[PDB]
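# Coordinate analysis (summary)
Letter by letter, the chains look like this.
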Amino acid sequence: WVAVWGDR
Amino acid sequence: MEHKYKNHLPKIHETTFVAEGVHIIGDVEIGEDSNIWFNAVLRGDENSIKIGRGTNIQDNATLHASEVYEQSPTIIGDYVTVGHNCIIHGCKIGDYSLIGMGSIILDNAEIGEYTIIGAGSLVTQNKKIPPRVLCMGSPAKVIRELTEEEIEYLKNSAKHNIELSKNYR
Amino acid sequence: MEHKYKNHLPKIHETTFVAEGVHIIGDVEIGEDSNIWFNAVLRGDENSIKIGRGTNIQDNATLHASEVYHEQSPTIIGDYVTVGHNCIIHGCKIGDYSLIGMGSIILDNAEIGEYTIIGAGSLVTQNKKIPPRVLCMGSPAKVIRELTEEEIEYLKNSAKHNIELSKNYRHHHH
Amino acid sequence: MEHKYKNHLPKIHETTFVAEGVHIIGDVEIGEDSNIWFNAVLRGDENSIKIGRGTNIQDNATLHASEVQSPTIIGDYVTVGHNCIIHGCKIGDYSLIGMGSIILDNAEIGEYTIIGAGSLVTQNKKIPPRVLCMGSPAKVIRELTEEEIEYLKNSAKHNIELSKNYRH
Amino acid sequence: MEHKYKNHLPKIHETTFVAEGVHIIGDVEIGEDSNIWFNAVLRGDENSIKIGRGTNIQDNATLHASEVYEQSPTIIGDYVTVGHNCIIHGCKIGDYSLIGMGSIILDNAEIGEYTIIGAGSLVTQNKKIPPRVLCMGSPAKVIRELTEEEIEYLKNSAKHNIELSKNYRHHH
Amino acid sequence: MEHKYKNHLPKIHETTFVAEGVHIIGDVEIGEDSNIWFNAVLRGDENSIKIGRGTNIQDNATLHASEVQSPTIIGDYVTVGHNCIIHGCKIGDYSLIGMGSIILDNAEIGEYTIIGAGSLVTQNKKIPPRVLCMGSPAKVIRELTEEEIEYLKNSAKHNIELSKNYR
Amino acid sequence: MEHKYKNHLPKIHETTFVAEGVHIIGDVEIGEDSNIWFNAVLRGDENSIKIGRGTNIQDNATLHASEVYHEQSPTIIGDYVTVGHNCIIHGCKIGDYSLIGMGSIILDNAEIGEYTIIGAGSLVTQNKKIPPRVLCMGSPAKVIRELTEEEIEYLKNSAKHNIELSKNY
Amino acid sequence: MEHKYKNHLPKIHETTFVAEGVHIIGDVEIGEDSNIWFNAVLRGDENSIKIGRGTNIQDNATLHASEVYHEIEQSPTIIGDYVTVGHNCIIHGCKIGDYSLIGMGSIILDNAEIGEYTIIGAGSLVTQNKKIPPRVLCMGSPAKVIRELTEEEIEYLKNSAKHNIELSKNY
Amino acid sequence: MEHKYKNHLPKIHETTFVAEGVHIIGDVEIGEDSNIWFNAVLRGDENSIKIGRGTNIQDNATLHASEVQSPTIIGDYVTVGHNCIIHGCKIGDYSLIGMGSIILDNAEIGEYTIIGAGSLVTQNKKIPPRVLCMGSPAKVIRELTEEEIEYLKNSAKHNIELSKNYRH
Amino acid sequence: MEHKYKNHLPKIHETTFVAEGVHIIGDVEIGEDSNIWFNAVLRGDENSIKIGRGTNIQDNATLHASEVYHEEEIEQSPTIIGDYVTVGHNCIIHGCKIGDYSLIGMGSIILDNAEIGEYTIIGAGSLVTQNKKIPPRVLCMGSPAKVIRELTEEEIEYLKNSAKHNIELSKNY
Ligand SMILES: [Mg+2]
Ligand SMILES: [Mg+2]
Ligand SMILES: [Mg+2]
Ligand code: NA
Ligand code: NA
Ligand code: NA
Ligand code: NA
Ligand code: NA
Ligand code: NA
Ligand code: NA
Ligand code: NA
Ligand code: NA
Ligand code: NA
Ligand code: NA
Ligand code: NA
Ligand code: NA
Ligand SMILES: [Zn+2]
Ligand SMILES: [Zn+2]
Ligand SMILES: [Zn+2]
Ligand SMILES: [Zn+2]
Ligand SMILES: [Zn+2]
Ligand SMILES: [Zn+2]
Ligand SMILES: [Zn+2]
Ligand SMILES: [Zn+2]
Ligand SMILES: [Zn+2]
Ligand SMILES: [Zn+2]
Ligand SMILES: [Zn+2]
Ligand SMILES: [Zn+2]
């Protein structure tokens, strides 16, 4: 997974 | 019950409540007024587990970590609520946070303080969840900042579970 | 296995099967021919838990409820219900003959209608009202479709066999 | 920890490690050097459970089967993660079921395969060998890298060593 | 029209209607009053094909099965309707069901009796479709239970097709 | 190739091209310069099939109709693509049914319209003229461009000349 | 059955198996050990059709191509390819060992890389380029994932048995 | 450095730091304590470019505007105070509110408006005439509004803005 | 501004406008009234770069090609937007590459075609003339309207006008 | 070309090729045979930049890093690029670590605390967000990027040659 875009 | 692993014995504060069916193995430290509920497993054999003050680990949950030879131990702050049947795996959870029942937090993830993880969420490896937010889903997404009522609920949830545990033995 | 909480002792019917590793605490009432399987926790301290006749609470599951406030629903499970392995059943009402797929999570004030199937691994969120006689799954769980007459009949024949399965856990003559 | 069901007693190899809080019921066969961790439940009453050698069933997991029609067959050097639900499925050698996953009846997991944590593998799903599969419901993502294959080769063998450090 | 494969020849009932352009190969058994329409191909070389009574296999359809090394043959019950240009491949189809034209049913799938598959649908490998439902899409999803009149429509769909084929008095 | 059904024989123009392997049954009328390609099946037993002038029914396609409802009516200079299923519908002049499409009963396709390959036009669907329609279930996407309309004026006519080089 | 178109006669290898009901027209080349199954139509009148060695064109399929514009892809199928039942193969290029799921539609100027699987019922649109060694399916078709080496091994060991399947005719 | 375009010379505050490789052309106004970093191009020939106080235009970025017509209204490029435009961004005829952050590599097209205290994620594309509210997180290509900003993220935009000013002072 | 590579010097028409900060290296040819804007890099060291007449290469763009598989051939009256990467492709007359786009090796853009801002055109992709094409990876969206083809006939011609108001 | 920042001045090997228009600022270390192409900016003021040997930073690219907070609960990586790395045209490389022989496709963006394993290809136009760990020997692409598959031996052998050919390119200058 990766999917999420935590921050920026 | 308590189990030794190699040279490690659990270090459990004398005011910690430990319910029946619980197994605490090896290099585990649990602070004062914390309450570990029925059938939870805290296995500190691959890596250490540290639980602070007034924290509740609810029923049927599991705390573990991955093998080390960079890899993170399990570190749980003060006044944290780990809900029923959660899997807490090599992560860091900040003070006053609530891990929704049935959630899974994987290695090197970090949960900021005063945050709610929704029930049945999956926080995968190396994810950084900021403080004071609602984060939920599988894989979890940050949804929004918490309202003031929710921050208030967090101030009281862990403390209620302390009083709750006092009514037992 | 049974634990007191304040002035509440579990009320367990004498035909109830309670497997090893189970903990039943406080304000919990369990009806005739129900079966509580290995390592389940039924914690009736924040609120009451009531389980009807011939209902199965499967292994490693947890039943609880949220702290009551100033309005909180207790945990009420009807007759011939199947709560699958490792479910979390939290302050909700479950109607007769329904099947809660293993690993599901049912949150406070949710309502599962009778003769309804919740798919495995589902999450039924707070206050959700799931009608009777439907198939419902996902996370968060959505009503997929109405059940067929065959699926309803399967529910009526389910939990029954799940009681008999437990009868094989004791006795000497039969 | 061991329980009878009708004519069936668990056949557990002598070197198998069984933690406290475990309950093994009925038609359960567990091979050499396997380890069953705290509060796991292996209920072989509706159908049989067969577990090969060097396999670990981790804490608070549950193995069962639907009313009879595949039984639960787990190969060698398999890792079943914490709090998994393994239900009437087949799992091939060296595979890893990520913690909190659910595998339903007649599903088949190929050998040397990784199921990601929190996945759901539905009835009759056939997952190929040597892949990464994850999600709810799970999807096959890709073939595993050589480094992931090497990790699987070492995963259950390190878990066997982990168990020896305990009191048997 | 009929073709030998290894040591199988088709077992075709004497009342079976077989239109021109049809090819039936090998291990194929077809029951009384079934009707096989123009340019259909029933190839029983990899595995067996079994077709019950009063069933229609409509025009330009194909019946086959995957290689065997479980592994399902093709088994179709009584009074089934297989629509135009369908691909029926190593599956089981229960009595009175209707496969909408241009649909595809893959190996080890099972269609319950009295079930409707919508036209142009795709039922994938190992999928189990219950009786008495409407199932459609690509990949298909179970939609709902069939109604009383839909069931009644199934109870007559194959029978009308039998009667239609008997009007081919030149061809039988 | 031609088959009687009850009292009905196909009526086929003397300039209609009919490929080998075709089966035309019963109540079928096919107009001048039309071309029916290999292994196509035109079964006019439940209801009538009428095909206009200069129309092409491509290989392995099937034309039929539901039990009596709507007959199958195909206009002039129409293109029915390979392996299509044309079932009890009406198709207007110059239209093009993309290969592998399925048109169900009482559907109506306006003239100068393109059905994309592999589409499903559901029962009673009315598709207007001069549009592109596609999908499963098919939906009107957009109106046709000028090049696309110019293309439809040529498609069937080219298939006519194609069929004339045959024996 | 073979048919002339203009001055093109099909060029068919003497070991090619051609089943009954087949029609092969015009500019069509078919290689050794290939099998053309019942009621398939290979119409090489608008443009050429070229089929390699040990390739299987299954029953009720159609191979054609669009009117060429001299101002444009013929149909080119490599070695050991499987074209499933009732497929429509239209002016496209298909690489060695690939498998076209039954009932699929491949349109003009699409290219299917070698060692690739197209799922049953797919539609591969005009000019679509599918890489080698992938699973691709849907309508419109999309690349789902790479194939495993073992799945590729299956493709290599497959159409061999499919050639042998025709030897018994 | 600076280049004349017709009658227009850039108006640049004396405390503005202009790194090497920068080209500033024509009708360009740049305010106090702003920083234009290496190889940035600020081309005010089609329309004007106005940059407020304490704003950072980062390396290899481009500021321009589309050709104005005699129509339909063309927006100039207007950038507020304490804004951060990330590396290699393209800022094209849009308006950007105070304290906002344009994630590096983003593209903001003509007549678009970014509210104040807003974060555009790196690599985003904000299409023509799109209006992003204040105090939100926005990302993607095409970009969509994800959620409101947290108080911590808002405080970040405040505290970050000033830090970008001290950084240039050491040059 | 102009750099030799091996035996190659740029062949730049004398009416070509070349802004400050531009670097043109090696085997590059630029036609009459083309304009190369600030900080663009045109690096013809692996293959030739050929640019027609009246075409604009806007600021901070990069033109390169891959190892000796195409060179970079750009037609007449082409607009290449700011910060584009134009890599071993062929672009037809009057076409507009949206700013921030990426066109990779052996791609071909037909004439009178608009590429949307921030698009990625993958290797070997053939884009037909007179279409709108955008996304990452880019896909043909629709035919261009005659009002958009009208715009394309001005875009590069107005940029010729604009370049003349400089030191030119 | 070079610029000091506070007390830092770039440490650049004698064989490093630096093209025109380049700006290298502050705490930047670049190794032998590396080649920095036209208009690239390597701004080592917030945090350091280290570039190994044989590595190419292509035209118009930018290397930088986020502001450091000197907190211990906040891991904050500098920019660390290994040997024989190819950083494509107009890339933005930001506070991340890139392993030996990897290829960052032109126009890609790599954000702070991300790690790219060795011998890995990042597809052109991709975005790797903060704290993403990309394993070695894979193809990774998209926005935000996904790990697609392990690379083939033919793709690995290509990586073995890409950065060495760019070194060869820079010597003819
Ligand atoms: Mg690979
Ligand atoms: Mg691989
Ligand atoms: Mg591989
Ligand atoms: Na919760
Ligand atoms: Na009982
Ligand atoms: Na309670
Ligand atoms: Na679960
Ligand atoms: Na029950
Ligand atoms: Na998952
Ligand atoms: Na179809
Ligand atoms: Na006529
Ligand atoms: Na089409
Ligand atoms: Na060939
Ligand atoms: Na655009
Ligand atoms: Na396209
Ligand atoms: Na090194
Ligand atoms: Zn990951
Ligand atoms: Zn673990
Ligand atoms: Zn609770
Ligand atoms: Zn079970
Ligand atoms: Zn399901
Ligand atoms: Zn087949
Ligand atoms: Zn019909
Ligand atoms: Zn054709
Ligand atoms: Zn511009
Ligand atoms: Zn970009
Ligand atoms: Zn290049
Ligand atoms: Zn930066």
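Everything discussed here concerns the structure shown above.
All residue numbers start from 1 on each chain and follow the order of its written sequence rather than the entry's numbering, and residues without coordinates are excluded. A letter from A marks each chain and a number from 1 marks each ligand, given out in the order of writing. Note: side-chain values were computed over all heavy atoms of the structure, leaving out hydrogens and water.

### Brief notes about the overall build of chain C
Working definition: helices are DSSP H or I runs of at least four residues, strands are E runs of at least two. Numbering for both runs from the N terminus. Across its full length, chain C carries one helix and 20 strands. Two things to know: the radius of gyration comes from C-alpha atoms, and the globule rule equals 2.2 Å times the number of residues to the power 0.38. By the compact-globule yardstick of 16 Å for 174 residues, chain C fits well, its C-alpha radius of gyration being 15 Å. Each principal axis of the C-alpha atoms in chain C carries an extent, and together these give about 50 × 45 × 20 Å. Any residue under 20% of the maximum accessible area for its type is buried, any over 50% is exposed, and the rest in between are partly exposed; the area is computed with a 1.4 Å probe on protein chains only. The burial tally for chain C puts 60% of its 174 residues in the buried class. Note that accessible areas follow from Shrake-Rupley with a 1.4 Å probe, and for residues the cover is restricted to the protein chains shown. Per element, the accessible surface of chain C, about 7000 Å² overall, is 50% carbon and sulfur. All tallies of charge rest on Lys and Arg as positive and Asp and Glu as negative; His and the ends of each chain are not included. Here the site of a charge means atom NZ of a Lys, CZ of an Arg, CG of an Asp or CD of a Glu. Side chains of chain C carry 16 positive and 23 negative charges; the gap between the two charge centres is 1 Å.

### Some thoughts on the coordination of the zinc ion (ligand 19)
Six octahedral donors around a metal ideally make angles of 90 or 180 degrees; four tetrahedral donors ideally make 109.5 degrees. Excluding water, the donors of a metal are its N, O and S neighbours within 2.8 Å, or within 3.2 Å for Na, K and Ca, and that exclusion means sites may look incomplete. Bound to the zinc ion (ligand 19) are the protein donor atoms B:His84 (NE2), C:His64 (ND1) and C:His90 (NE2), situated 2.2 Å from the metal. Of this pair, B:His84 sits in the loop between β9 (81–82) and β10 (87–89) while C:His64 sits in strand β8 (residues 62–64), which puts the two residues in different chains. Here B:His84 falls in the buried class, since its relative accessible area comes to 1%.

### Examining a nonpolar patch on the surface
What makes a patch is a set of residues exposed beyond 30% relative accessible area and free of salt bridges, joined within 9 Å when like-charged and within 5 Å when nonpolar (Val, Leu, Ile, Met, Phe, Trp, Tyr). Definition used for salt bridges: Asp or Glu carboxyl oxygen within 4 Å of a side-chain nitrogen of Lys or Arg. Taken together, H:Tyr156, J:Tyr69 and J:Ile74 make up a surface patch of nonpolar side chains, about 250 Å² in accessible area. Relative to the helices and strands, H:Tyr156 is located in helix α1 (residues 151–169). Classification of H:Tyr156 as partly exposed rests on a relative accessible area of 31%.

### Overview of the sheet that holds strand β19 (residues 134–138) of chain C
The strand order across the open sheet built from eight strands is β3-β5-β7-β10-β13-β16-β19-β20 (chain C), with neighbouring strands paired in mixed fashion. At either end of the open sheet lies a strand with only one pairing partner, and these are β3 (17–18) and β20 (141–146) of chain C. When DSSP finds at least two bridges between two strands, those strands are taken to pair.

### Digging into the pattern of salt bridges
Using the criterion set out here, one finds 69 salt bridges over all chains in the structure. Among the ionic pairs, F:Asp33 bridges to F:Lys164, the shortest N-O distance being 3.1 Å. One salt bridge in this structure joins I:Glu148 and I:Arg142, with 2.7 Å as the shortest N-O distance. The class of I:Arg142 is partly exposed, set by a relative accessible area of 35%. What emerges from the salt-bridge pattern is a single network uniting B:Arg43, B:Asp45 and D:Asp59.

### Things to note about the interface of chain B and chain J
It only takes one pair of heavy atoms within 4.5 Å for two residues to be counted as in contact. The partner chain J presents four residues to the four residues of chain B that form the contact. A simple way to read buried area is as the amount of 1.4 Å-probe accessible surface that goes missing from two parts once joined, with both sides added. The junction of chain B with chain J conceals about 270 Å² of combined surface from both sides, 48% of it contributed by carbon and sulfur atoms. At the boundary of chain B and chain J, one finds zero salt bridges. By the criterion applied in these results, polar contacts are pairs of N or O atoms within 3.5 Å in which, for protein atoms, one can donate a hydrogen and the other can accept it, and in which residues neighboring in sequence qualify only through two side-chain atoms. There are zero residue pairs in polar contact connecting chain B and chain J.

### Examining the nonpolar core
Across soluble globular proteins, you tend to see nonpolar side chains buried next to one another. All names here are of chain I. Buried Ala, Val, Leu, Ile, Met, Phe, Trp, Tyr and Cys residues that are joined via side-chain atoms within 4.5 Å together make up what is termed a nonpolar core. Ranked by internal contacts, the top residues of the largest apolar core, which has 40 residues, are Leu42, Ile57, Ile74, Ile86 and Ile103. Elements with a contribution of two residues or more to this core: β3 (17–18), β4 (23–30), β6 (41–51) and β19 (131–135). For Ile86, the residues in contact, after removing those within four places along its chain, are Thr62, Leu63, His64, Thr72, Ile74, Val80, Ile91, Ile97 and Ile103.

### Remarks on the arrangement of the chains
In this assembly chain A lies apart from chain C, the nearest approach of their C-alpha atoms being 17 Å. Of all C-alpha pairs spanning chain E and chain I, none lies closer than 24 Å, and the two are not in contact.

### Quick notes on the environment of I:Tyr112
Residues and elements named next belong to chain I. Counting through the fold element by element, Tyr112 comes out in the loop between β15 (108–109) and β16 (114–115). Measuring from C-alpha to C-alpha, the distance between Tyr112 and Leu144 comes to 8.4 Å, with 32 residues separating the pair along the chain. Those residues in contact with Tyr112 that sit more than four places away from it in its chain are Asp93, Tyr94, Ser95, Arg130, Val131, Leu144, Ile149, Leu152 and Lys153.

### Comments concerning the coordination of the sodium ion (ligand 9)
Residues and elements named next belong to chain D. Here the sodium ion (ligand 9) is held by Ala117 (O), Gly118 (O) and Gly135 (N), and the distances to it run 3.1 to 3.2 Å. Mapped onto the sequence, the residues coordinating the sodium ion (ligand 9) show the spacing A-G-x16-G. Here the residue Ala117 occupies a position in the loop between β16 (114–115) and β17 (120–121), and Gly135 occupies one in strand β19 (residues 131–135), the gap between them amounting to 18 residues. The class for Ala117 is buried, based on a relative accessible area of 8%.

### Comments concerning the interface of chain D and chain B
Counting residues at the interface gives 19 residues for chain D and 24 residues for chain B. Taken together, both faces of the contact between chain D and chain B bury some 1900 Å²; the carbon and sulfur share is 54%. Here chain D is connected to chain B by one salt bridge. Two residues, D:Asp59 and B:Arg43, come together in a salt bridge whose shortest N-O distance is 2.8 Å. The residue inventory of the side of chain D that touches chain B, partitioned by class, reads six nonpolar, ten polar and three charged. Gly counts as polar in this scheme, as do all residues outside two lists: the nonpolar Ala, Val, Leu, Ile, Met, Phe, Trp, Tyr, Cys and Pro, and the charged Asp, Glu, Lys and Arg.

### As for the packing of aromatic side chains
The rule is short: rings of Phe, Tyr and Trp, with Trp giving its six-membered ring, pair when the centres are within 6.5 Å, and they are stacked under 30 degrees, edge-to-face over 60, tilted in between. Evaluation of the coordinates by the stated rule reveals 72 aromatic pairs over all chains. Taking the centre distance of 5.3 Å and the plane angle of 45° together, the rings of B:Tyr168 and C:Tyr5 count as tilted. Of this pair, B:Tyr168 sits in the segment after α1 (148–166) while C:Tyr5 sits in the loop between β1 (2–3) and β2 (11–12), placing the two residues on different chains. This pair shows no difference in class: B:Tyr168 is buried, exactly as C:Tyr5 is. For the ring pair I:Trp37 and I:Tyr166, a centre distance of 5.1 Å and an interplane angle of 80° mean the geometry is edge-to-face. Comparing I:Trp37 with I:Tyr166, the two get one shared label, buried. Each residue in the set B:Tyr5, D:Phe17, D:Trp37, D:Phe38 and D:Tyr166 is aromatic and connected to the rest through ring pairs, giving one cluster. A ring is scored as having a charge over it whenever the NZ atom of a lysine or the CZ atom of an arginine sits within 6 Å of its centre and within 35 degrees of its normal. Lying over the aromatic face of D:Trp37, B:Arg43 brings its terminal NZ or CZ to 3.9 Å of the ring centre. We note H:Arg43 situated over the ring of I:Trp37; from NZ or CZ to the ring centre the distance is 4.0 Å.

### Remarks on the side chain of H:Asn39
Here H:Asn39 is to be found in the loop between β5 (35–36) and β6 (41–51). Overall, the relative accessible area of 2% leaves H:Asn39 in the buried class.

### Topic: the sheet that holds strand β2 (residues 17–18) of chain B
Strands pair in a sheet through their backbones, by hydrogen bonds, and they do so in one of two ways: parallel or antiparallel. Residue and element names in this part refer to chain B. Taken in spatial order, the eight strands make up an open sheet running β2-β4-β6-β9-β12-β15-β18-β19, and their pairing is mixed. Only two strands of the sheet have a single neighbouring strand rather than two, namely β2 and β19 (140–145). In this sheet, β9 lies alongside strand β6 (residues 56–57) in parallel orientation, the contact comprising two bridges. Pairing of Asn56 across the sheet is with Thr81, part of β9.

### Quick notes on helix α1 (residues 149–167) of chain G
For α1(G), built from 19 residues, the straight-helix expectation of 27 Å at 1.5 Å per residue is met to within 8% by its first-to-last C-alpha distance of 29 Å. Taken together, the buried positions of α1(G) are G:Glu151, G:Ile152, G:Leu155, G:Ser158, G:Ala159, G:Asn162, G:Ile163, G:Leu165 and G:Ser166. One fewer than the residue count of a helix, multiplied by 1.5 Å, yields its expected span.

### Here we look at the side chain of D:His23
Looking at where D:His23 falls in the secondary structure, it is placed in strand β4 (residues 23–30). Judged by its relative accessible area of 8%, D:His23 falls in the buried class. A polar contact is formed between the side chain of D:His23 and the side chain of D:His3, at a distance of 3.0 Å. Apart from the residues lying within four places of it in its own chain, the contact partners of D:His23 are C:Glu20, C:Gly21, C:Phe38, C:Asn39, D:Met1, D:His3, D:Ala40, D:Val41 and D:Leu42.

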